[PDB]
Amino acid sequence: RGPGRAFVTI
Amino acid sequence: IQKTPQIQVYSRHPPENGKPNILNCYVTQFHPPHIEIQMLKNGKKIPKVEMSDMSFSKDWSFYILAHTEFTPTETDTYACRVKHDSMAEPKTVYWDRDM
Amino acid sequence: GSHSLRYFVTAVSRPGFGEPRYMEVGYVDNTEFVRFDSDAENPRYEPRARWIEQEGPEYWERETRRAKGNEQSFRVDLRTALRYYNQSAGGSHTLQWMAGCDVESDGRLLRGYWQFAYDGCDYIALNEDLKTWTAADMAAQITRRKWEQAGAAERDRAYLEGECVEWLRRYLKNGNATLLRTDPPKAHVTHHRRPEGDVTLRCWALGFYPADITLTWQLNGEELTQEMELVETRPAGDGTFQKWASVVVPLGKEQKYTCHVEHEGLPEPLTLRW
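About the thresholds
Residues numbered from 1 in each chain as written, not as in the entry; some residues may be left out. Chains lettered and ligands numbered in written order. Heavy atoms only, no water. Contact = heavy atoms within 4.5 Å. Buried area = accessible area lost by both parts, 1.4 Å probe. Salt bridge = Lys/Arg side-chain N within 4 Å of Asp/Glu carboxyl O. Nonpolar A, V, L, I, M, F, W, Y, C, P; charged D, E, K, R; others polar. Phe/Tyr/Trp six-rings, centres within 6.5 Å; stacked < 30°, edge-to-face > 60°. Helix = DSSP H or I, 4+ residues; strand = E, 2+ residues; numbered from the N terminus. Buried < 20%, exposed > 50% of the residue type's maximum accessible area, 1.4 Å probe, protein only. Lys NZ or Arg CZ within 6 Å of the ring centre and 35° of its normal. UniProt positions renumbered as here; feature names shortened; annotations may be inferred. Pairing = 2+ DSSP bridges. Polar contact = N/O pair within 3.5 Å; in protein donor to acceptor, adjacent residues only side chain to side chain. Disulfide = S-S within 2.5 Å. Axes fitted to C-alpha atoms, helices over the stretch in contact; angles between N-to-C directions.

- Its PDB header attributes the entry to X-ray crystallography and lists the resolution as 2.4 Å.

### So, the interface of chain A and chain C
- On the side of chain C, 29 residues touch chain A, which itself brings ten residues to the contact.
- When residues of chain A are sorted by the area they lose upon contact with chain C, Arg1, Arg5 and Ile10 of chain A head the list and together hold 56% of the total.
- Our count for the contact surface shared by chain A and chain C stands at three salt bridges.
- Here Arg1 of chain A and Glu63 of chain C are joined by a salt bridge, their closest N and O atoms 3.9 Å apart.
- Split into classes, the residues belonging to the side of chain A that touches chain C amount to five nonpolar, three polar and two charged.

### Considerations on the packing of aromatic side chains
- In total, this model carries 29 aromatic pairs over all chains according to the counting rule given.
- On the numbers, 5.3 Å between centres and 70° between planes, the contact of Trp97 of chain C with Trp114 of chain C is edge-to-face. Here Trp97 of chain C, found in strand β5 (residues 94-103), pairs with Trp114 of chain C, found in strand β6 (residues 109-118); they are 17 residues apart in sequence, far enough to count as distant. There is no split in this pair, since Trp97 of chain C and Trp114 of chain C are both buried.
- Taken together, the ring pairs connect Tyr22, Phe36, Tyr45, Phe74, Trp97, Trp114, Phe116, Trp133, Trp147 and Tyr159 of chain C into an aromatic cluster.
- The side chain of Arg5 of chain A reaches across the aromatic face of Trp97 of chain C, ending 5.7 Å from its centre.
- For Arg181 of chain C, the ring lying beneath its charged end belongs to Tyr209 of chain C, and the centroid distance is 3.8 Å.

### Brief notes about unusual backbone geometry
Residues and elements named next belong to chain B.
- Omega for the peptide link from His31 to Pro32 comes to -10°, which places this bond in the cis form.
- Tracing the chain through its elements places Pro32 in the loop between β2 (21-30) and β3 (36-41).
- Not every positive phi belongs to a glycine, and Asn42 is a case in point at roughly 45°.
- With respect to the helices and strands, the residue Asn42 is situated in the loop between β3 and β4 (44-45).

### Brief notes about the UniProt feature "domain: Ig-like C1-type" in chain C
- Mapped onto the present numbering, the UniProt feature "domain: Ig-like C1-type" falls at residues 185-273 of chain C.
- The span residues 185-273 of chain C is 0% helical and 55% strand by assignment, and the distance between its end C-alpha atoms comes to 16 Å.

### Overview of the sheet that holds β4 of chain B
Residues and elements named next belong to chain B.
- Taken in spatial order, the four strands make up an open sheet running β4-β3-β7-β8, and their pairing is antiparallel. Taken across any chain shown, the strands that pair with only one partner, and hence form the sheet edges, are β4 and β8 (91-94).
- Here β3 pairs with strand β7 (residues 78-83) via six bridges, running antiparallel. Counted as the bridge partner of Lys41 is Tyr78 from β7.

### Side note on the side chain of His263 of chain C
Residue and element names in this part refer to chain C.
- Structurally, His263 can be placed in the loop between β15 (257-262) and β16 (270-272).
- Here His263 falls in the buried class, since its relative accessible area comes to 7%.
- A distance of 3.3 Å separates a polar atom in the side chain of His263 from the backbone oxygen of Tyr209.
- When near neighbours in sequence (up to four residues on either side) are disregarded, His263 contacts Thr182, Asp183, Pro184, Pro185, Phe208, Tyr209, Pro210, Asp212 and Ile213.

### Here's the deal with the UniProt feature "disulfide bond" in chain C
All names here are of chain C.
- A sulfur gap of 2.0 Å between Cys101 and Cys164 means the disulfide that UniProt records is present in these coordinates. Highlighted residues: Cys101 in strand β5 and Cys164 in helix α4 (residues 163-174), separated in sequence by 63 residues.
- Assessed through its relative accessible area of 0%, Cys101 is described here as buried.
- With relative accessibility at 0%, the residue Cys164 sits in the buried group.
- Disulfide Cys203/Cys259 (UniProt): S-S 2.0 Å, present in this structure. Of this pair, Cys203 sits in strand β10 (residues 198-208) while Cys259 sits in strand β15, and the two are 56 residues apart along the sequence.
- By relative accessible area, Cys259 is classed as buried at 0%.

### Notes on the UniProt feature "disulfide bond" in chain B
Residue and element names in this part refer to chain B.
- For the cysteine pair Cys25 and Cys80, annotated in UniProt as disulfide-bonded, the sulfur atoms lie 2.0 Å apart, consistent with the bond being present in this model. Within this pair, whereas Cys25 is found in strand β2, its partner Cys80 is found in strand β7, the two being separated by 55 residues in sequence.
- What makes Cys25 buried here is its relative accessible area of 0%.
- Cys80 sits in the buried class, given a relative accessible area of 0%.

### Observations concerning the sheet that holds strand β11 (residues 214-219) of chain C
Residue and element names in this part refer to chain C.
- Pairing is antiparallel in the open sheet, where three strands are placed in the order β11-β15-β16. Bordering the open sheet on either side are β11 and β16, each of which pairs with just one other strand. Strand-to-strand twist of the sheet, defined as the mean angle between neighbouring strand axes without regard to direction, takes the value 25°.
- Both β15 and β16 contribute to a ladder of three bridges, which runs antiparallel. What sits directly across from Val261, in β16, is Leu270.

### Comments concerning the pairing of strand β6 (residues 62-70) of chain B
- Extensive coverage of β6 of chain B is indicated by the burial of eight of its nine residues.
- Between strand β5 (residues 50-56) of chain B and β6 of chain B, which pair antiparallel in sequence order, lie five residues; one of them, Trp60 of chain B, sits at a positive phi of approximately 80°.

### Some details on the interface of chain B and chain C
- Taken together, the contacts link 24 residues of chain B with 36 residues of chain C.
- Viewed at the interface, chain C and chain B are joined by zero salt bridges.
- Between the two partners, chain B and chain C, sit 17 residue pairs in polar contact.
- A class-by-class count of the residues in the side of chain B that touches chain C yields eleven nonpolar, nine polar and four charged.

Following this line, the structure appears as structure tokens:
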């Protein structure tokens with residue numbers, strides 16, 4: 001199962 | 001930024017004239033990801049050529065495996081042509097069976 | 001031994017071709033098993049190994065959602081990086097992300113991963129402590145500052161320690177007839193009479209899995225790295241791998257050189273002579 005960015009951008 | 005594609009051309013099984021096989025053109029250590037690969041038979045472009053493993057590694061460089069079906073022979077010549085922005089002209093690498 | 005569930009994600013801007021091409025690739029050891037492609041006919045998470053084909057509908061829609069969620073963040077990220085480096089908006093650029101977990105044999109977590117690179121160079125990485133970051137410019141310290149303030153590592157470190165492990169645990173146990181297999185290398189040495197009057201001894205290793213292997217040449221118990229050319233391990237395309245290593249030896253002194261082959265599939269390391 002993959003990882004989520006969780007809408008936390010750079 | 002820009003990294004040069006290393007190329008290996010080789011058969012999946014030990015080559016035997018007469019006996020069917022798979023020819024590989026394995027291209028690695030490159031950047032950017034855009035790359036153009038062609039597998040050539042007697043200078044003519046081979047039509048059914050499969051591309052796979054479109055990804056990258058720990059060090060971030062990219063790689064890819066192109067392959068096609070073939071029967072080694074004593075007169076046929078095979079090669080792989082790679083077009084990539086890190087180099088002026090495309091690089092053609094001929095198959096050397098007992099490398 | 002140890003195993004791993006790694007995700008390789010790529011986002012490449014294309015000002016002259018449209019929105020960014022976005023892809024996700026999942027792996028269990030050296031075995032790809034899932035793929036997501038922006039440019040497909042109907043982007044969705046797809047099976048790349050038959051052992052994952054035993055997953056329900058919920059699994060393919062959840063991952064597709066997660067991939068779709070992720071791509072939006074990457075589009076943003078790309079543009080933010082543009083600002084950070086003061087670059088034009090015509091140049092194709094790249095953002096890669098590698099996230100995952102290596103677990104030991106006891107089931108415990110050996111190591112957790114979560115890093116990014118921008119245009120092929122390191123950008124920001126979740127240290128092995130899984131609490132603090134590590135950047136290498138002054139643009140990703142902006143990202144370090146930003147994320148450090150927000151408490152990003154906790155959630156990230158919860159996925160690396162929790163879900164990654166269980167899913168790997170499930171994948172490992174469900175792909176045991178492939179994932180769990182060790183094919184030893186078949187090895188042999190070839191002899192190449194060089195025009196210069198000397199010989200090139202080539203040590204081959206074929207049909208091995210996993211891809212991890214060590215090949216060395218020796219001279220009366222002497223590691224000769226000076227004299228040794230080796231190629232990058234490559235795939236045969238059937239699940240197995242190949243590699244070779246060569247040494248130029250004076251003609252007539254061949255007897256004295258030895259190729260050592262170390263692989264997990266080998267009971268004892270092999271030693272070959274021509």
